[PDB]
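Protein chains in written order, with the authors' numbering: chain BV, 3 to 190; chain BW, 10 to 85; chain BZ, 1 to 59; chain BO, 11 to 108; chain BM, 6 to 141. For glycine and all other residues, C-beta sits at the position ideal for the given N, C-alpha and C.
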Amino acid sequence: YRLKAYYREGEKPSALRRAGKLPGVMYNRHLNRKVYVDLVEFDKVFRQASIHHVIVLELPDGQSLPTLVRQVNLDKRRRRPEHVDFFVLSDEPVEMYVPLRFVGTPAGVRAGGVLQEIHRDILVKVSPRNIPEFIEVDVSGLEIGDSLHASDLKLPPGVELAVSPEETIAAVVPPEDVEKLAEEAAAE
Amino acid sequence: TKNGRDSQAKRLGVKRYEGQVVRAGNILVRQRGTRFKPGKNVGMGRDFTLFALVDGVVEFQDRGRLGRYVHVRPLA
Amino acid sequence: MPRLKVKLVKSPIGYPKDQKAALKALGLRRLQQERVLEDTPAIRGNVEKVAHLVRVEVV
Amino acid sequence: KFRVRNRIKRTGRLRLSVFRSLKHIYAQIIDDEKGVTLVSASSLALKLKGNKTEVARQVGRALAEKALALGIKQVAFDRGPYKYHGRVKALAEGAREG
Amino acid sequence: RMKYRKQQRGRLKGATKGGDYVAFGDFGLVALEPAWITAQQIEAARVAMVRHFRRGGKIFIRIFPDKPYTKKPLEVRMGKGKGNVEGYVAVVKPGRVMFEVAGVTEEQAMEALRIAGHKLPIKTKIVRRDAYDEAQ
RNA sequence: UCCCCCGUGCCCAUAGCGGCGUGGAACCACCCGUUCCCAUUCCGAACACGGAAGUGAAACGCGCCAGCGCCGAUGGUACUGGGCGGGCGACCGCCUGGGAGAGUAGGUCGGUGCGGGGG
RNA sequence: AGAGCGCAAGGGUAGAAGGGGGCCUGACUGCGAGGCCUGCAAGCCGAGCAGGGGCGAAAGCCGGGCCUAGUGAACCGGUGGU
RNA sequence: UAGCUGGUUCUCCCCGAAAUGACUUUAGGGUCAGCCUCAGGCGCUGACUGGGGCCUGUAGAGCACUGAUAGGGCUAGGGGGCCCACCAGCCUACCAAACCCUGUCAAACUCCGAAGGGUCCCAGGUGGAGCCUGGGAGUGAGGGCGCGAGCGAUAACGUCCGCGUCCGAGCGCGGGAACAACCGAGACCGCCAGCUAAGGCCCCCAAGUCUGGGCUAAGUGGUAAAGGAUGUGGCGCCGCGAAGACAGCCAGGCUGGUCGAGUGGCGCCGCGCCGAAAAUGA
Ligand SMILES: [Mg+2]
Ligand SMILES: [Mg+2]
Ligand SMILES: [Mg+2]
Ligand SMILES: [Mg+2]
Ligand SMILES: [Mg+2]
Ligand SMILES: [Mg+2]
Ligand SMILES: [Mg+2]
Ligand SMILES: [Mg+2]
Ligand SMILES: [Mg+2]
Ligand SMILES: [Mg+2]
Ligand SMILES: [Mg+2]
Ligand SMILES: [Mg+2]
Ligand SMILES: [Mg+2]
Ligand SMILES: [Mg+2]
Ligand SMILES: [Mg+2]
Ligand SMILES: [Mg+2]
Ligand SMILES: [Mg+2]
Ligand SMILES: [Mg+2]
Ligand SMILES: [Mg+2]
Ligand SMILES: [Mg+2]
Ligand SMILES: [Mg+2]
Ligand SMILES: [Mg+2]
Ligand SMILES: [Mg+2]
Ligand SMILES: [Mg+2]
Ligand SMILES: [Mg+2]
Ligand SMILES: [Mg+2]
Ligand SMILES: [Mg+2]
Ligand SMILES: [Mg+2]
Ligand SMILES: [Mg+2]
Ligand SMILES: [Mg+2]
Ligand SMILES: [Mg+2]
Ligand SMILES: [Mg+2]
Ligand SMILES: [Mg+2]
Ligand SMILES: [Mg+2]
Ligand SMILES: [Mg+2]
Ligand SMILES: [Mg+2]
Ligand SMILES: [Mg+2]
Ligand SMILES: [Mg+2]
Ligand SMILES: [Mg+2]
Ligand SMILES: [Mg+2]
Ligand SMILES: [Mg+2]
Ligand SMILES: [Mg+2]
Ligand SMILES: [Mg+2]
Ligand SMILES: [Mg+2]
Ligand SMILES: [Mg+2]
Ligand SMILES: [Mg+2]
Ligand SMILES: [Mg+2]
Ligand SMILES: [Mg+2]
Ligand SMILES: [Mg+2]
Ligand SMILES: [Mg+2]
Ligand SMILES: [Mg+2]
Ligand SMILES: [Mg+2]
Ligand SMILES: [Mg+2]
Ligand SMILES: [Mg+2]
Ligand SMILES: [Mg+2]
Ligand SMILES: [Mg+2]
Ligand SMILES: [Mg+2]
Ligand SMILES: [Mg+2]
Ligand SMILES: [Mg+2]
Ligand SMILES: [Mg+2]
Ligand SMILES: [Mg+2]
Ligand SMILES: [Mg+2]
Ligand SMILES: [Mg+2]
Ligand SMILES: [Mg+2]
Ligand SMILES: [Mg+2]
Ligand SMILES: [Mg+2]
Ligand SMILES: [Mg+2]
Ligand SMILES: [Mg+2]
Ligand SMILES: [Mg+2]
Ligand SMILES: [Mg+2]
Ligand SMILES: [Mg+2]
Ligand SMILES: [Mg+2]
Ligand SMILES: [Mg+2]
Ligand SMILES: [Mg+2]
Ligand SMILES: [Mg+2]
Ligand SMILES: [Mg+2]
Ligand SMILES: [Mg+2]
Ligand SMILES: [Mg+2]
Ligand SMILES: [Mg+2]
Ligand SMILES: [Mg+2]
Ligand SMILES: [Mg+2]
Ligand SMILES: [Mg+2]
Ligand SMILES: [Mg+2]
Ligand SMILES: [Mg+2]
Ligand SMILES: [Mg+2]
Ligand SMILES: [Mg+2]
Ligand SMILES: [Mg+2]
Ligand SMILES: [Mg+2]
Ligand SMILES: [Mg+2]
Ligand SMILES: [Mg+2]
Ligand SMILES: [Mg+2]
Ligand SMILES: [Mg+2]
Ligand SMILES: [Mg+2]
Ligand SMILES: [Mg+2]
Ligand SMILES: [Mg+2]
Ligand SMILES: [Mg+2]
Ligand SMILES: [Mg+2]
Ligand SMILES: [Mg+2]
Ligand SMILES: [Mg+2]
Ligand SMILES: [Mg+2]
Ligand SMILES: [Mg+2]
Ligand SMILES: [Mg+2]
Ligand SMILES: [Mg+2]
Ligand SMILES: [Mg+2]
Ligand SMILES: [Mg+2]
Ligand SMILES: [Mg+2]
Ligand SMILES: [Mg+2]
Ligand SMILES: [Mg+2]
Ligand SMILES: [Mg+2]
Ligand SMILES: [Mg+2]
Ligand SMILES: [Mg+2]
Ligand SMILES: [Mg+2]
Ligand SMILES: [Mg+2]
Ligand SMILES: [Mg+2]
Ligand SMILES: [Mg+2]
Ligand SMILES: [Mg+2]
């Protein structure tokens, strides 16, 4: 995706926001620069963009940088973005949370169950060229009381799990209506 | 109830500070344990009280693993 | 250390002890009183802490 | 282990670091609060023959000659993780015998 | 629980740490105002939640009451309150996420959470999900 | 002056944990022995003494790797000396000076005195 | 270092204040530069000096216990001494 | 006798407190300290401020320790279903220790840590500043307000400490309708002079029925909540629409015709409506 960025220098960080610009900063192993996108733009952009796909930032310098949001400072007191990090990539491999499309109708939901889903995304070491829109999750044979771990992931070529080789991914928990309400109210 | 109780304050802690002229024997710092260690021209008593052994100026020296020391640099 | 004309305009009645002491240091008696002083780092610090009481002038 | 070393450090000046090898026996007069050796009378790695004990006595006398020349006399010995009894014993033994 | 008897009152300052981000489930419930949320208030909400949608998915309660609520027996001034009358409460500051549902429709959640709102003392809002996390 | 060692003090985990490699001429260790000085609540494991030969396996010294540990910006907050505004109130907001913690980028298998032995 | 440090809690601590042996009784007398604390009284720390002594080859440590509680002005009277 | 109550007589001038701490058969009383004053000394030393160094564990934040904790994984133990005592074996949408992950909490938790405060040095600072000795006191019920905590019910013109303040003693002046402590301001005397302060400038009532740009139809303003509603204005987004949409009218059970320009749902901001019942006249 594209995004119209600008250079920052002395503009009052707070007074800036009132205008309509979201503070932010781009940087990498060699770079560091005060920037500031636009709220409305960044919003609709980052809505889908999030932090799985890359976004090139067009500075007035005509420079097209292959950045991605390494971190965002969400403002407490009614959610809203305060500030934005921008990690500039190159060619050396870089870790990052890649999406995960859980696909299938697990045995769990059949016997009336719940779509549990731990890591809705997973960090993985990977070359900048590799931009997997997502990763297939073969969740289907999963029955109630069962779970799926990292050591059981389908990894695309040229990628590795930069996590723990045992971490969970999803599960299948029960409902919780009448049986629990009547029983719990007395057994407690 | 059964609570209203407390031993009166002991008023410990740093008594003298760095860059302060001191006579011979002035209690430099009273302390609970070894929150501060002795050092150059600085002795200590049963209660871990740090006190000058010479005349001069106090100085504090942090040393990570070793701990915090306090000494007096003599001069006249 | 150019001249600093300082005029007292807000009565210190109600402000902290230290603040009154500041005006005494600068030598400010009554309201609307004129007083030109050097611009030393010390004289500044005081005139700063009473800035909401006085109107400074660079002379 | 080096409790002893710490004890003497705060004692005063002119430490006597007696490090001995399985066949050698060096000895340095290190003054702390600056870290500088004065009289460094080595043993096997110096000149002396081969007889640990009797070699120790002489190397001690070696310090003595070099020391009294520099106007030193504070016998601030350094047991250095060693039991005073044998080799190390002779060191300061001869060193203090002259 | 388990720990020990009585605790200070304390004041509810800024809505700082009181507040987070939908960390589980699809939809969530967020506090707009500070307050002590009672154990009965939580239970009241939880039950009203599930009871709304029978055999529902999963309901996450991220807040948790550990503050003992002190209270005197209608007399005067001898010692500290016996307390415990209302049991316990949770220091809920504005922005905090009390409840969040999962494994269910958007209508069921939008209604259920709306319901579990009235069960609470505070004026509240319902957040969807977005994508606001912390990654790259 | 330069390089490898041995003794030792400073900085206080960017010195460390773990993995792989290397050094025995010198130096150090392990090692041979337990009659003498000396020793283990039992043992020459440890302290100790006298010393061929063998070894660098263990230990230590020197290198390289970052998986753990550690260090860790910048930007933006939270908080807040001093000043002040709104609302009926639980509280919220601005001006001026100060500004974290956490998290991201990132760094890291050490700098360094003085004496001594060796080419 | 999450143990131990007689006992509450805390600060401190293995580079010992902790566990174990060997010799010993400084759980000495006569004092006290200078300080902490403090309304008064009281409480607290103490280098160093002289005497005679203990442990260590020695530099040196010892005027009770890791430290912060374990207590009572004056009066009246008891016992032993100059 | 009265550690109690009452009363204590001429003027002018200068300065001007306290309602705290310690002990008290002390608690509405004392003694010492603190704060006022006067005489004699000392002389830049004072409050406050600048630079410098040292000390510190709050706010915040954090989970490394002490403990709390929701979900999940992995996993010992226990309960139950199959089998038989050759005791073990298998399962387990049951409770769950330790461990890991996700996510949190704590005055009496802290790996970490502000602002700030404390102190010494050098410097500015001549002030009803400062220090040494001494004479004379009063005071030792305090109260509002702001801020930081406890107690309380995150009640009280409540209570109890801390920093500051004003009343006290400034019920002297201006404002606030009136009103110790809220806003302005520190009254030596006089004046039929002038500039202001807070607050105000339609009449009572001094000064603008002043200028310009929006909003509000409730007398809101003229001071009440959860929660409710096609109130009104302004901003952004999603679904259908000149290949004919929403609405109504004809027919069949979304589709067609007719007309013909927008229509339906969500979110945010400003002002406003409901919720809104008490006793002498508003
Ligand atoms: Mg995709
Ligand atoms: Mg199963
Ligand atoms: Mg399972
Ligand atoms: Mg599995
Ligand atoms: Mg108390
Ligand atoms: Mg105390
Ligand atoms: Mg002593
Ligand atoms: Mg002791
Ligand atoms: Mg005022
Ligand atoms: Mg000050
Ligand atoms: Mg040095
Ligand atoms: Mg308990
Ligand atoms: Mg209890
Ligand atoms: Mg409580
Ligand atoms: Mg939130
Ligand atoms: Mg009563
Ligand atoms: Mg509600
Ligand atoms: Mg070489
Ligand atoms: Mg080899
Ligand atoms: Mg053999
Ligand atoms: Mg034998
Ligand atoms: Mg024999
Ligand atoms: Mg043994
Ligand atoms: Mg042997
Ligand atoms: Mg090998
Ligand atoms: Mg090696
Ligand atoms: Mg690393
Ligand atoms: Mg770290
Ligand atoms: Mg460090
Ligand atoms: Mg950092
Ligand atoms: Mg910063
Ligand atoms: Mg200041
Ligand atoms: Mg303030
Ligand atoms: Mg600033
Ligand atoms: Mg910092
Ligand atoms: Mg940081
Ligand atoms: Mg960290
Ligand atoms: Mg390096
Ligand atoms: Mg280096
Ligand atoms: Mg070195
Ligand atoms: Mg060098
Ligand atoms: Mg050569
Ligand atoms: Mg050669
Ligand atoms: Mg301990
Ligand atoms: Mg001892
Ligand atoms: Mg032991
Ligand atoms: Mg013992
Ligand atoms: Mg003993
Ligand atoms: Mg004295
Ligand atoms: Mg006294
Ligand atoms: Mg005592
Ligand atoms: Mg004699
Ligand atoms: Mg002693
Ligand atoms: Mg004791
Ligand atoms: Mg002992
Ligand atoms: Mg103490
Ligand atoms: Mg009597
Ligand atoms: Mg006067
Ligand atoms: Mg007392
Ligand atoms: Mg009294
Ligand atoms: Mg009473
Ligand atoms: Mg009385
Ligand atoms: Mg008095
Ligand atoms: Mg002074
Ligand atoms: Mg001063
Ligand atoms: Mg200063
Ligand atoms: Mg300094
Ligand atoms: Mg504070
Ligand atoms: Mg705290
Ligand atoms: Mg806190
Ligand atoms: Mg832990
Ligand atoms: Mg469960
Ligand atoms: Mg479970
Ligand atoms: Mg396990
Ligand atoms: Mg069983
Ligand atoms: Mg059964
Ligand atoms: Mg059988
Ligand atoms: Mg069985
Ligand atoms: Mg089952
Ligand atoms: Mg379960
Ligand atoms: Mg976490
Ligand atoms: Mg830090
Ligand atoms: Mg600091
Ligand atoms: Mg400061
Ligand atoms: Mg500071
Ligand atoms: Mg200061
Ligand atoms: Mg004068
Ligand atoms: Mg006066
Ligand atoms: Mg005065
Ligand atoms: Mg006087
Ligand atoms: Mg007097
Ligand atoms: Mg009071
Ligand atoms: Mg007050
Ligand atoms: Mg309440
Ligand atoms: Mg309260
Ligand atoms: Mg209430
Ligand atoms: Mg009182
Ligand atoms: Mg006054
Ligand atoms: Mg006054
Ligand atoms: Mg009046
Ligand atoms: Mg008035
Ligand atoms: Mg009054
Ligand atoms: Mg008044
Ligand atoms: Mg005002
Ligand atoms: Mg006055
Ligand atoms: Mg004017
Ligand atoms: Mg007007
Ligand atoms: Mg008009
Ligand atoms: Mg209303
Ligand atoms: Mg309302
Ligand atoms: Mg209705
Ligand atoms: Mg209704
Ligand atoms: Mg209108
Ligand atoms: Mg509206
Ligand atoms: Mg139509
Ligand atoms: Mg009505």
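Residue environment for BO:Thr21: exposed (fewer than 16 other C-beta atoms within 10 angstroms of its C-beta). One Cα belongs to BW:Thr43, the other to BW:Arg14, and the distance between them is close to 27 Å.
Three or more beta-carbon pairs separated by less than 8 Å are not found between the segment 79-89 of chain BM and the segment 22-32 of chain BM, which leaves the two stretches without contact. In the three-state reduction of the DSSP assignment, BV:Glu185 falls in the helix class, which pools H, G and I. In this structure the segment 158-171 of chain BV touches the segment 117-133 of chain BV; the number of beta carbon pairs closer than 8 Å is three or more.
The Cβ of BM:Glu139 sits closer than 8 Å to at least one Cβ of chain BV. Under DSSP, BW:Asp15 takes part in no beta bridge, so it has no partner. In this structure, the alpha-carbon of BZ:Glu57 lies about 38 Å from that of BV:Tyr38.
For BM:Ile47, the enclosing alpha helix (DSSP H) begins and ends at 44-57. Annotation: Cβ neighbours of BV:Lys78 in chain BM (cutoff 7 Å, chain order): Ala20, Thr21, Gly24, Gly100. Chain order gives no chain BM residues near BV:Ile137, where near means a beta carbon separation below 8 Å; the closest approach is about 14 Å. Within the segment 65-110 of chain BV, complete alpha helix (DSSP H) segments of at least 4 residues are not found at all. Within the segment 76-104 of chain BV, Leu76, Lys78, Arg79, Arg80, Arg81, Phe89, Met98, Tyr99 place their CB atoms closer than 7 Å to a CB of chain BM, listed in sequence order.
Interface with chain BV (8 Å Cβ-Cβ cutoff): BM:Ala136 is included.
Around ligand 14, the residues whose beta-carbon falls short of 7 Å from at least one of its heavy atoms are BM:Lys11, BM:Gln12, BM:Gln13, BM:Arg14, BM:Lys72, BM:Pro73, BM:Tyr74, BM:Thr75, BM:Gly88, given in chain order. Checking the 7 Å criterion, the Cβ of BV:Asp77 is out of range of every heavy atom belonging to ligand 15. The Cβ atoms of BV:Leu70 and BV:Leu5 lie no closer than 8 Å to each other. If you compare the alpha carbons of BO:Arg89, BO:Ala100, BO:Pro91, BO:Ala74 with that of BO:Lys83, the shortest gap goes to BO:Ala74.
Here the segment 38-55 of chain BM lies against the segment 9-29 of chain BM, with 3 or more beta-carbon pairs under 8 Å apart. For BV:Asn75, the CB contacts under 6 Å within the same chain, skipping 5 residues up- and downstream, are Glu84, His85 in chain order. The DSSP-derived three-state label of BO:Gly104 is helix. Sorting BW:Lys11, BW:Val63, BW:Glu27 by C-alpha distance to the C-alpha of BW:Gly34 places BW:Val63 at the top.
DSSP places BO:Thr63 within a helical segment (H, G or I) once states are collapsed to three. Its chain contains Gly23, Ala36, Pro39, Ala40, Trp41, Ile42, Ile68, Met103, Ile127 as the residues whose beta carbon lies nearer than 8 Å to that of BM:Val97, once the 5 sequence neighbours on both sides are disregarded; these appear in chain order. With the criterion set as a beta carbon lying under 8 Å from some beta carbon of chain BM, the members of the segment 164-187 of chain BV are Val175, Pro177, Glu178, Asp179, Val180, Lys182, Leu183, in sequence order.
Within chain BM, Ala136 have C-beta atoms less than 7 Å from the C-beta of BV:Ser52, given in sequence order.
Excluding its 5 nearest sequence neighbours in each direction, BZ:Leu28 has C-beta neighbours in its own chain below 8 Å: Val6, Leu8, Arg35, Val54, listed in chain order. Taking BM:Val132 as reference, the option from BM:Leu125, BM:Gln141, BM:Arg119 with the minimal CA-CA separation is BM:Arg119. Using a 10 angstroms sphere on the CB of BO:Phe12, the tally of other CB atoms stays under 16, which defines it as exposed. Per DSSP, the beta-bridge partners of BV:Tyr29 are BV:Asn34, BV:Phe89.
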